[PDB]
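S.K.: Pasting start-v9.cif here (mmCIF, N, CA and C atoms):
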data_input
#
loop_
_atom_site.label_atom_id
_atom_site.label_comp_id
_atom_site.auth_asym_id
_atom_site.auth_seq_id
_atom_site.Cartn_x
_atom_site.Cartn_y
_atom_site.Cartn_z
N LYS V 109 133.29 17.24 -19.60
CA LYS V 109 133.46 16.43 -18.35
C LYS V 109 132.48 15.29 -18.25
N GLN V 110 132.99 14.07 -18.18
CA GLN V 110 132.10 12.95 -18.02
C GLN V 110 131.42 13.00 -16.64
N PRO V 111 130.44 12.12 -16.42
CA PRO V 111 129.72 12.07 -15.15
C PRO V 111 130.73 11.88 -14.07
N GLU V 112 130.45 12.45 -12.93
CA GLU V 112 131.36 12.32 -11.82
C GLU V 112 130.55 11.96 -10.62
N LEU V 113 131.05 10.97 -9.91
CA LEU V 113 130.43 10.47 -8.71
C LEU V 113 131.34 10.86 -7.53
N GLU V 114 130.87 11.77 -6.69
CA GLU V 114 131.66 12.18 -5.52
C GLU V 114 131.18 11.36 -4.33
N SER V 115 132.11 10.80 -3.62
CA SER V 115 131.77 10.02 -2.47
C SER V 115 132.19 10.83 -1.24
N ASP V 116 131.20 11.17 -0.42
CA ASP V 116 131.37 11.92 0.83
C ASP V 116 131.19 10.92 1.96
N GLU V 117 131.66 11.29 3.14
CA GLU V 117 131.51 10.46 4.32
C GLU V 117 130.01 10.56 4.66
N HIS V 118 129.37 11.59 4.10
CA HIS V 118 127.96 11.87 4.32
C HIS V 118 127.03 11.39 3.18
N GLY V 119 127.56 10.62 2.25
CA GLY V 119 126.75 10.12 1.16
C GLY V 119 127.44 10.28 -0.17
N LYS V 120 126.76 9.95 -1.26
CA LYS V 120 127.34 10.09 -2.60
C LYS V 120 126.65 11.15 -3.43
N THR V 121 127.34 11.60 -4.45
CA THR V 121 126.78 12.63 -5.31
C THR V 121 127.14 12.41 -6.78
N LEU V 122 126.12 12.25 -7.62
CA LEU V 122 126.33 12.09 -9.07
C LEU V 122 126.25 13.49 -9.71
N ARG V 123 127.33 13.94 -10.31
CA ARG V 123 127.34 15.27 -10.88
C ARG V 123 127.47 15.19 -12.37
N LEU V 124 126.57 15.91 -13.01
CA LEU V 124 126.46 15.93 -14.45
C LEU V 124 126.74 17.30 -14.92
N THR V 125 127.61 17.40 -15.91
CA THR V 125 128.02 18.68 -16.44
C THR V 125 127.37 19.03 -17.77
N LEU V 126 127.00 20.29 -17.93
CA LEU V 126 126.39 20.75 -19.18
C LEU V 126 127.46 21.38 -20.06
N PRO V 127 127.31 21.27 -21.38
CA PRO V 127 128.29 21.84 -22.31
C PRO V 127 128.60 23.31 -22.09
N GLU V 128 129.84 23.63 -22.42
CA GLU V 128 130.38 24.96 -22.29
C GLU V 128 129.61 25.94 -23.14
N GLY V 129 129.29 27.07 -22.52
CA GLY V 129 128.60 28.16 -23.19
C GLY V 129 127.22 27.99 -23.77
N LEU V 130 126.52 26.89 -23.51
CA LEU V 130 125.17 26.75 -24.07
C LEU V 130 124.40 28.05 -23.83
N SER V 131 123.35 28.27 -24.62
CA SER V 131 122.48 29.45 -24.46
C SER V 131 121.60 29.25 -23.22
N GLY V 132 120.75 30.22 -22.94
CA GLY V 132 119.88 30.14 -21.77
C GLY V 132 118.73 29.16 -21.93
N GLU V 133 118.09 29.14 -23.10
CA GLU V 133 116.96 28.25 -23.29
C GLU V 133 117.45 26.86 -23.62
N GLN V 134 118.63 26.75 -24.23
CA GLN V 134 119.15 25.40 -24.51
C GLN V 134 119.41 24.73 -23.14
N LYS V 135 119.92 25.49 -22.17
CA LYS V 135 120.21 25.02 -20.83
C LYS V 135 118.94 24.57 -20.15
N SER V 136 117.85 25.31 -20.30
CA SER V 136 116.62 24.88 -19.66
C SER V 136 116.07 23.59 -20.30
N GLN V 137 116.03 23.53 -21.62
CA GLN V 137 115.54 22.36 -22.35
C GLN V 137 116.32 21.12 -21.89
N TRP V 138 117.62 21.27 -21.78
CA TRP V 138 118.49 20.20 -21.38
C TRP V 138 118.11 19.72 -19.99
N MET V 139 117.99 20.68 -19.09
CA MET V 139 117.69 20.42 -17.72
C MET V 139 116.37 19.73 -17.56
N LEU V 140 115.42 20.23 -18.32
CA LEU V 140 114.09 19.68 -18.34
C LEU V 140 114.15 18.24 -18.83
N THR V 141 115.00 17.90 -19.80
CA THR V 141 114.97 16.51 -20.26
C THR V 141 115.53 15.61 -19.19
N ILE V 142 116.46 16.11 -18.38
CA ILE V 142 116.98 15.19 -17.40
C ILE V 142 116.02 14.97 -16.25
N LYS V 143 115.31 16.01 -15.89
CA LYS V 143 114.35 15.94 -14.84
C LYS V 143 113.19 14.97 -15.24
N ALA V 144 112.80 14.99 -16.52
CA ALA V 144 111.74 14.06 -16.96
C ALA V 144 112.22 12.64 -16.67
N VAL V 145 113.52 12.36 -16.86
CA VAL V 145 114.01 11.00 -16.54
C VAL V 145 113.98 10.71 -15.05
N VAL V 146 114.41 11.68 -14.22
CA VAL V 146 114.35 11.39 -12.81
C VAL V 146 112.88 11.19 -12.39
N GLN V 147 111.95 12.00 -12.91
CA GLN V 147 110.51 11.85 -12.59
C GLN V 147 110.08 10.51 -13.05
N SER V 148 110.54 10.05 -14.21
CA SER V 148 110.01 8.76 -14.60
C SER V 148 110.56 7.67 -13.68
N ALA V 149 111.76 7.86 -13.11
CA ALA V 149 112.29 6.83 -12.23
C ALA V 149 111.52 6.66 -10.95
N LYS V 150 110.61 7.59 -10.67
CA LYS V 150 109.77 7.56 -9.47
C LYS V 150 108.50 6.78 -9.68
N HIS V 151 108.11 6.63 -10.93
CA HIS V 151 106.92 5.92 -11.27
C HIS V 151 107.26 4.51 -11.78
N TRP V 152 108.31 4.44 -12.59
CA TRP V 152 108.73 3.20 -13.25
C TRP V 152 110.05 2.66 -12.71
N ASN V 153 110.30 1.37 -12.89
CA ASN V 153 111.59 0.87 -12.50
C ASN V 153 112.33 0.84 -13.85
N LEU V 154 113.26 1.79 -14.00
CA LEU V 154 114.04 1.96 -15.21
C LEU V 154 114.95 0.80 -15.54
N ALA V 155 115.26 -0.06 -14.57
CA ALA V 155 116.13 -1.18 -14.88
C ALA V 155 115.33 -2.15 -15.73
N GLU V 156 114.00 -2.01 -15.71
CA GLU V 156 113.12 -2.92 -16.44
C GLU V 156 112.48 -2.26 -17.64
N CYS V 157 113.06 -1.15 -18.10
CA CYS V 157 112.56 -0.42 -19.25
C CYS V 157 113.54 -0.56 -20.39
N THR V 158 113.11 -0.32 -21.61
CA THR V 158 114.03 -0.43 -22.71
C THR V 158 114.24 1.02 -23.06
N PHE V 159 115.47 1.32 -23.38
CA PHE V 159 115.96 2.62 -23.69
C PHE V 159 116.59 2.64 -25.10
N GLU V 160 115.87 3.19 -26.10
CA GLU V 160 116.40 3.32 -27.48
C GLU V 160 116.56 4.76 -28.06
N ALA V 161 117.49 4.96 -28.99
CA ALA V 161 117.67 6.29 -29.61
C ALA V 161 116.66 6.45 -30.72
N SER V 162 116.15 7.67 -30.87
CA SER V 162 115.14 7.89 -31.90
C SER V 162 115.62 8.99 -32.78
N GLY V 163 114.74 9.44 -33.66
CA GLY V 163 115.11 10.51 -34.56
C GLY V 163 115.32 11.81 -33.81
N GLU V 164 114.33 12.15 -33.00
CA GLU V 164 114.31 13.40 -32.22
C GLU V 164 115.24 13.45 -30.99
N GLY V 165 115.50 12.30 -30.38
CA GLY V 165 116.35 12.27 -29.21
C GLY V 165 116.35 10.89 -28.62
N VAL V 166 115.56 10.65 -27.56
CA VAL V 166 115.47 9.33 -26.95
C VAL V 166 114.13 8.96 -26.45
N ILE V 167 113.94 7.65 -26.37
CA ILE V 167 112.71 7.01 -25.96
C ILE V 167 112.93 5.94 -24.86
N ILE V 168 112.19 6.06 -23.78
CA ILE V 168 112.23 5.11 -22.69
C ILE V 168 110.90 4.45 -22.71
N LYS V 169 110.92 3.13 -22.85
CA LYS V 169 109.73 2.34 -22.92
C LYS V 169 109.54 1.37 -21.76
N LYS V 170 108.31 1.31 -21.27
CA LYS V 170 107.85 0.45 -20.18
C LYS V 170 106.74 -0.44 -20.72
N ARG V 171 106.82 -1.68 -20.76
CA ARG V 171 105.90 -2.68 -21.27
C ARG V 171 105.69 -2.52 -22.78
N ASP J 107 107.79 25.13 -30.92
CA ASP J 107 108.97 24.61 -31.72
C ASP J 107 109.76 23.42 -31.15
N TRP J 108 110.17 23.51 -29.89
CA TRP J 108 110.91 22.43 -29.22
C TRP J 108 109.89 21.58 -28.43
N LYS J 109 109.77 20.27 -28.67
CA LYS J 109 108.80 19.47 -27.87
C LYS J 109 109.28 19.14 -26.43
N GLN J 110 108.45 19.39 -25.44
CA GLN J 110 108.86 19.09 -24.08
C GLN J 110 108.75 17.58 -23.87
N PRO J 111 109.38 17.04 -22.81
CA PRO J 111 109.26 15.59 -22.60
C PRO J 111 107.80 15.22 -22.60
N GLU J 112 107.42 14.16 -23.29
CA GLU J 112 106.01 13.77 -23.28
C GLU J 112 105.81 12.27 -23.20
N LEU J 113 104.71 11.81 -22.61
CA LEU J 113 104.43 10.37 -22.59
C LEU J 113 103.51 10.02 -23.76
N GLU J 114 103.53 8.75 -24.14
CA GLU J 114 102.70 8.19 -25.19
C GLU J 114 102.32 6.81 -24.72
N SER J 115 101.08 6.41 -24.95
CA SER J 115 100.67 5.08 -24.52
C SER J 115 99.71 4.47 -25.49
N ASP J 116 99.38 3.21 -25.25
CA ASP J 116 98.44 2.48 -26.11
C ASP J 116 98.37 1.07 -25.54
N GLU J 117 97.75 0.14 -26.25
CA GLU J 117 97.69 -1.23 -25.74
C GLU J 117 99.11 -1.75 -25.53
N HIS J 118 99.29 -2.58 -24.51
CA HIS J 118 100.59 -3.17 -24.19
C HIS J 118 101.79 -2.22 -24.25
N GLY J 119 101.65 -0.98 -23.79
CA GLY J 119 102.79 -0.09 -23.85
C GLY J 119 102.68 1.35 -23.42
N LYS J 120 103.73 1.83 -22.78
CA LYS J 120 103.80 3.21 -22.32
C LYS J 120 105.20 3.72 -22.60
N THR J 121 105.31 4.84 -23.29
CA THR J 121 106.59 5.41 -23.66
C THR J 121 106.86 6.89 -23.21
N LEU J 122 108.10 7.22 -22.92
CA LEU J 122 108.46 8.57 -22.56
C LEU J 122 109.39 9.07 -23.65
N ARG J 123 108.93 10.06 -24.42
CA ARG J 123 109.74 10.63 -25.49
C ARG J 123 110.46 11.88 -25.06
N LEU J 124 111.77 11.96 -25.32
CA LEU J 124 112.56 13.12 -24.96
C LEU J 124 113.18 13.74 -26.21
N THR J 125 112.98 15.02 -26.40
CA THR J 125 113.52 15.70 -27.56
C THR J 125 114.83 16.44 -27.27
N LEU J 126 115.76 16.35 -28.18
CA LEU J 126 117.02 17.00 -27.95
C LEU J 126 116.94 18.51 -27.88
N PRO J 127 117.74 19.13 -27.01
CA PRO J 127 117.77 20.59 -26.90
C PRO J 127 118.14 21.07 -28.32
N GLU J 128 117.57 22.16 -28.81
CA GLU J 128 117.87 22.60 -30.18
C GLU J 128 119.14 23.44 -30.39
N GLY J 129 119.69 23.38 -31.62
CA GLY J 129 120.87 24.18 -31.99
C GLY J 129 122.13 23.70 -31.34
N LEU J 130 122.23 22.38 -31.31
CA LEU J 130 123.36 21.72 -30.68
C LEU J 130 124.36 21.17 -31.71
N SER J 131 125.63 21.29 -31.39
CA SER J 131 126.68 20.77 -32.25
C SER J 131 126.69 19.25 -32.07
N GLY J 132 127.20 18.50 -33.06
CA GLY J 132 127.24 17.04 -32.98
C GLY J 132 127.83 16.49 -31.69
N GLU J 133 128.77 17.25 -31.17
CA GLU J 133 129.44 16.94 -29.92
C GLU J 133 128.44 17.07 -28.77
N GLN J 134 127.83 18.25 -28.63
CA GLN J 134 126.86 18.46 -27.55
C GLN J 134 125.73 17.43 -27.59
N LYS J 135 125.32 17.03 -28.79
CA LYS J 135 124.27 16.06 -28.89
C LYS J 135 124.74 14.75 -28.27
N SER J 136 126.02 14.42 -28.47
CA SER J 136 126.59 13.20 -27.95
C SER J 136 126.62 13.32 -26.46
N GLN J 137 126.96 14.51 -25.99
CA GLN J 137 126.99 14.79 -24.55
C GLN J 137 125.63 14.72 -23.89
N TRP J 138 124.63 15.20 -24.62
CA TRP J 138 123.29 15.19 -24.10
C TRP J 138 122.84 13.72 -23.96
N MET J 139 123.10 12.94 -24.99
CA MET J 139 122.68 11.54 -24.95
C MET J 139 123.36 10.78 -23.79
N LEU J 140 124.60 11.10 -23.47
CA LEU J 140 125.34 10.41 -22.40
C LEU J 140 124.84 10.82 -21.04
N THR J 141 124.46 12.08 -20.89
CA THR J 141 123.88 12.61 -19.62
C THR J 141 122.55 11.79 -19.35
N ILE J 142 121.67 11.68 -20.35
CA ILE J 142 120.43 10.95 -20.20
C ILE J 142 120.86 9.53 -19.86
N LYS J 143 121.80 8.96 -20.61
CA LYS J 143 122.24 7.60 -20.30
C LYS J 143 122.80 7.47 -18.86
N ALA J 144 123.57 8.44 -18.34
CA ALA J 144 124.07 8.37 -16.95
C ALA J 144 122.93 8.38 -15.94
N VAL J 145 121.84 9.07 -16.30
CA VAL J 145 120.72 9.11 -15.37
C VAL J 145 119.98 7.78 -15.36
N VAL J 146 119.68 7.14 -16.52
CA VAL J 146 118.99 5.88 -16.37
C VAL J 146 119.86 4.88 -15.63
N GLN J 147 121.15 4.90 -15.89
CA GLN J 147 122.05 3.99 -15.23
C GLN J 147 122.06 4.20 -13.69
N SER J 148 121.99 5.43 -13.21
CA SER J 148 121.96 5.66 -11.76
C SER J 148 120.64 5.07 -11.17
N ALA J 149 119.52 5.28 -11.87
CA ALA J 149 118.24 4.69 -11.46
C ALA J 149 118.32 3.15 -11.40
N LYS J 150 119.33 2.54 -11.99
CA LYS J 150 119.43 1.10 -11.88
C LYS J 150 120.11 0.67 -10.61
N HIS J 151 120.87 1.55 -9.97
CA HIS J 151 121.60 1.20 -8.75
C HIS J 151 120.97 1.81 -7.50
N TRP J 152 120.43 3.02 -7.66
CA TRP J 152 119.80 3.81 -6.60
C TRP J 152 118.31 3.95 -6.88
N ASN J 153 117.55 4.32 -5.87
CA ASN J 153 116.13 4.56 -6.05
C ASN J 153 116.08 6.05 -6.06
N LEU J 154 115.88 6.61 -7.26
CA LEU J 154 115.91 8.05 -7.43
C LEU J 154 114.79 8.79 -6.70
N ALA J 155 113.76 8.09 -6.22
CA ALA J 155 112.67 8.74 -5.48
C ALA J 155 113.16 9.07 -4.09
N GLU J 156 114.31 8.50 -3.74
CA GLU J 156 114.87 8.74 -2.43
C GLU J 156 116.15 9.50 -2.60
N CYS J 157 116.32 10.19 -3.73
CA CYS J 157 117.54 10.98 -3.97
C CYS J 157 117.15 12.41 -4.17
N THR J 158 118.07 13.33 -3.95
CA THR J 158 117.77 14.72 -4.16
C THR J 158 118.30 15.11 -5.55
N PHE J 159 117.52 15.88 -6.28
CA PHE J 159 117.85 16.37 -7.60
C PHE J 159 117.81 17.91 -7.57
N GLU J 160 118.84 18.56 -8.13
CA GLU J 160 118.90 20.03 -8.15
C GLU J 160 119.88 20.56 -9.18
N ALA J 161 119.68 21.80 -9.62
CA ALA J 161 120.63 22.40 -10.55
C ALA J 161 121.72 23.08 -9.75
N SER J 162 122.96 22.97 -10.23
CA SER J 162 124.12 23.58 -9.59
C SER J 162 124.69 24.66 -10.54
N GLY J 163 126.02 24.74 -10.63
CA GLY J 163 126.64 25.73 -11.51
C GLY J 163 126.37 25.42 -12.98
N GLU J 164 127.33 24.76 -13.63
CA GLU J 164 127.11 24.40 -15.03
C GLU J 164 126.62 22.94 -15.10
N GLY J 165 125.56 22.67 -14.35
CA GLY J 165 125.04 21.34 -14.38
C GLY J 165 123.94 20.97 -13.43
N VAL J 166 123.86 19.67 -13.21
CA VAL J 166 122.89 19.02 -12.39
C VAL J 166 123.57 18.04 -11.47
N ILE J 167 122.96 17.88 -10.31
CA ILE J 167 123.37 17.02 -9.21
C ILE J 167 122.27 15.99 -8.74
N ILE J 168 122.69 14.83 -8.26
CA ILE J 168 121.77 13.84 -7.76
C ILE J 168 122.49 13.27 -6.57
N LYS J 169 121.90 13.44 -5.38
CA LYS J 169 122.55 12.98 -4.14
C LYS J 169 121.78 11.93 -3.44
N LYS J 170 122.52 11.00 -2.86
CA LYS J 170 121.98 9.88 -2.11
C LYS J 170 122.69 9.90 -0.74
N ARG J 171 122.06 10.42 0.29
CA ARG J 171 122.74 10.43 1.59
C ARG J 171 123.00 9.01 2.15
#
Take the structure I supplied and represent it as C-alpha cells, if you would.
M.R.:
Amino acid sequence: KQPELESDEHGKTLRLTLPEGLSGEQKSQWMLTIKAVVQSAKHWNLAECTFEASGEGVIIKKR
Amino acid sequence: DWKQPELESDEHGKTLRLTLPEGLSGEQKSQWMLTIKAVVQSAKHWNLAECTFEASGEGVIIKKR
C-alpha cells in the first residue's frame, strides 16, 4: 500500500503502511528509522536538506 | 549488529544516517525507501513539529489537525 493521505473535516492524516508479515524486530527498526526522520524535521528544515541513497540505507544532509 | 539512526558532523556539514531494517526482500527495501521518502516530502509541506506521530496497526500515522 502506497502512502495514503486521509482528509477529515477535522484535519488530515498521512498513513504509512509496513510490509506484510515483517518480524517483530524488523518492525521496530523500521519504525525507529521513520521516527528519526520526524525528529530531524523538528530541528532542521528538510526542504533545505539533501537526501541521497547510500550503501546502508539513506542519508539526510544539512549544510 | 543493526545500526540505529545516527548523526555525523564535521566542518561545513551535519548528516543523519539511517540504516535499513535487516533481512528484507528487495521489494521491502524499496518500500522502506519510499516510506522514508514520503516522510521527508510531508516535512516539505507541513511542519512536523506541529504534527502528531504514532504507531497504528500495520504502520505509522502523522496527523495535522
S.K.: May I ask which of the residues J:131, J:126, J:171, J:110 is the closest one to residue 163 (chain V), counting all atoms listed in the file?
M.R.: J:126
S.K.: When DSSP is applied to the backbone of this structure, which of chain J are assigned strand (DSSP E)? Write them out as a PyMOL selection string.
M.R.: chain J and resi 112-116+119-125+158-161+165-170
S.K.: Care to translate the PyMOL selection byres ((chain V) within 6.5 of (chain J)) into actual residues of this file, as a count of residues only?
M.R.: 30
S.K.: I need the residues in chain V that are helix (DSSP H, G or I) according to DSSP; give them as number ranges by chain.
M.R.: V: 132-151, 154-156
S.K.: Which residue is closest to residue 128 (chain V)? Choose from V:158, V:114, V:109, V:152 and count only N, CA and C atoms.
M.R.: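 The closest residue to residue 128 (chain V) is V:109.
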S.K.: Rounded to one decimal place, report the atom C of residue 130 (chain V)-atom C of residue 160 (chain V) distance in Å.
M.R.: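 Value for the atom C of residue 130 (chain V)-atom C of residue 160 (chain V) distance: 24.9 Å.
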S.K.: Please indicate the distance in Å from CA of residue 161 (chain V) to atom N of residue 131 (chain V), rounded to one decimal place.
M.R.: 23.2 Å
S.K.: Fix up region 120-146 of chain V with N, CA, C and O atoms, then write it as a compact mmCIF listing (two decimals), in the coordinates of the input.
M.R.:
# COMPACT_ATOMS: atom_id res chain seq x y z
N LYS V 120 126.76 9.95 -1.26
CA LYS V 120 127.34 10.09 -2.60
C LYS V 120 126.65 11.15 -3.43
O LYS V 120 125.52 11.54 -3.16
N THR V 121 127.34 11.60 -4.45
CA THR V 121 126.78 12.63 -5.31
C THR V 121 127.14 12.41 -6.78
O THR V 121 128.33 12.34 -7.12
N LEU V 122 126.12 12.25 -7.62
CA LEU V 122 126.33 12.09 -9.07
C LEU V 122 126.25 13.49 -9.71
O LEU V 122 125.25 14.17 -9.62
N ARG V 123 127.33 13.94 -10.31
CA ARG V 123 127.34 15.27 -10.88
C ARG V 123 127.47 15.19 -12.37
O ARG V 123 128.29 14.44 -12.93
N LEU V 124 126.57 15.91 -13.01
CA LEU V 124 126.46 15.93 -14.45
C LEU V 124 126.74 17.30 -14.92
O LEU V 124 126.16 18.25 -14.42
N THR V 125 127.61 17.40 -15.91
CA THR V 125 128.02 18.68 -16.44
C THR V 125 127.37 19.03 -17.77
O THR V 125 127.19 18.16 -18.63
N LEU V 126 127.00 20.29 -17.93
CA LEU V 126 126.39 20.75 -19.18
C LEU V 126 127.46 21.38 -20.06
O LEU V 126 128.40 21.98 -19.57
N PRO V 127 127.31 21.27 -21.38
CA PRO V 127 128.29 21.84 -22.31
C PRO V 127 128.60 23.31 -22.09
O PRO V 127 127.75 24.10 -21.67
N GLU V 128 129.84 23.63 -22.42
CA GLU V 128 130.38 24.96 -22.29
C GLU V 128 129.61 25.94 -23.14
O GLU V 128 129.29 25.67 -24.30
N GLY V 129 129.29 27.07 -22.52
CA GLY V 129 128.60 28.16 -23.19
C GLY V 129 127.22 27.99 -23.77
O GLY V 129 126.77 28.88 -24.48
N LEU V 130 126.52 26.89 -23.51
CA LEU V 130 125.17 26.75 -24.07
C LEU V 130 124.40 28.05 -23.83
O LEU V 130 124.75 28.84 -22.93
N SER V 131 123.35 28.27 -24.62
CA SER V 131 122.48 29.45 -24.46
C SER V 131 121.60 29.25 -23.22
O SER V 131 121.70 28.22 -22.54
N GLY V 132 120.75 30.22 -22.94
CA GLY V 132 119.88 30.14 -21.77
C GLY V 132 118.73 29.16 -21.93
O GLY V 132 118.44 28.40 -21.01
N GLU V 133 118.09 29.14 -23.10
CA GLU V 133 116.96 28.25 -23.29
C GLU V 133 117.45 26.86 -23.62
O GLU V 133 116.76 25.88 -23.36
N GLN V 134 118.63 26.75 -24.23
CA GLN V 134 119.15 25.40 -24.51
C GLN V 134 119.41 24.73 -23.14
O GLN V 134 119.16 23.57 -23.00
N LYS V 135 119.92 25.49 -22.17
CA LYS V 135 120.21 25.02 -20.83
C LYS V 135 118.94 24.57 -20.15
O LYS V 135 118.93 23.57 -19.47
N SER V 136 117.85 25.31 -20.30
CA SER V 136 116.62 24.88 -19.66
C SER V 136 116.07 23.59 -20.30
O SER V 136 115.71 22.66 -19.59
N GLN V 137 116.03 23.53 -21.62
CA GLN V 137 115.54 22.36 -22.35
C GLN V 137 116.32 21.12 -21.89
O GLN V 137 115.75 20.09 -21.59
N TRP V 138 117.62 21.27 -21.78
CA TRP V 138 118.49 20.20 -21.38
C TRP V 138 118.11 19.72 -19.99
O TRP V 138 117.93 18.55 -19.76
N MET V 139 117.99 20.68 -19.09
CA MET V 139 117.69 20.42 -17.72
C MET V 139 116.37 19.73 -17.56
O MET V 139 116.20 18.80 -16.78
N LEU V 140 115.42 20.23 -18.32
CA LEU V 140 114.09 19.68 -18.34
C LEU V 140 114.15 18.24 -18.83
O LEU V 140 113.39 17.44 -18.33
N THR V 141 115.00 17.90 -19.80
CA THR V 141 114.97 16.51 -20.26
C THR V 141 115.53 15.61 -19.19
O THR V 141 115.07 14.49 -19.04
N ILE V 142 116.46 16.11 -18.38
CA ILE V 142 116.98 15.19 -17.40
C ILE V 142 116.02 14.97 -16.25
O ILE V 142 115.92 13.88 -15.71
N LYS V 143 115.31 16.01 -15.89
CA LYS V 143 114.35 15.94 -14.84
C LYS V 143 113.19 14.97 -15.24
O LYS V 143 112.60 14.24 -14.36
N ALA V 144 112.80 14.99 -16.52
CA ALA V 144 111.74 14.06 -16.96
C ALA V 144 112.22 12.64 -16.67
O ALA V 144 111.44 11.80 -16.26
N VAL V 145 113.52 12.36 -16.86
CA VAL V 145 114.01 11.00 -16.54
C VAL V 145 113.98 10.71 -15.05
O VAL V 145 113.61 9.63 -14.66
N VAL V 146 114.41 11.68 -14.22
CA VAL V 146 114.35 11.39 -12.81
C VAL V 146 112.88 11.19 -12.39
O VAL V 146 112.59 10.24 -11.66
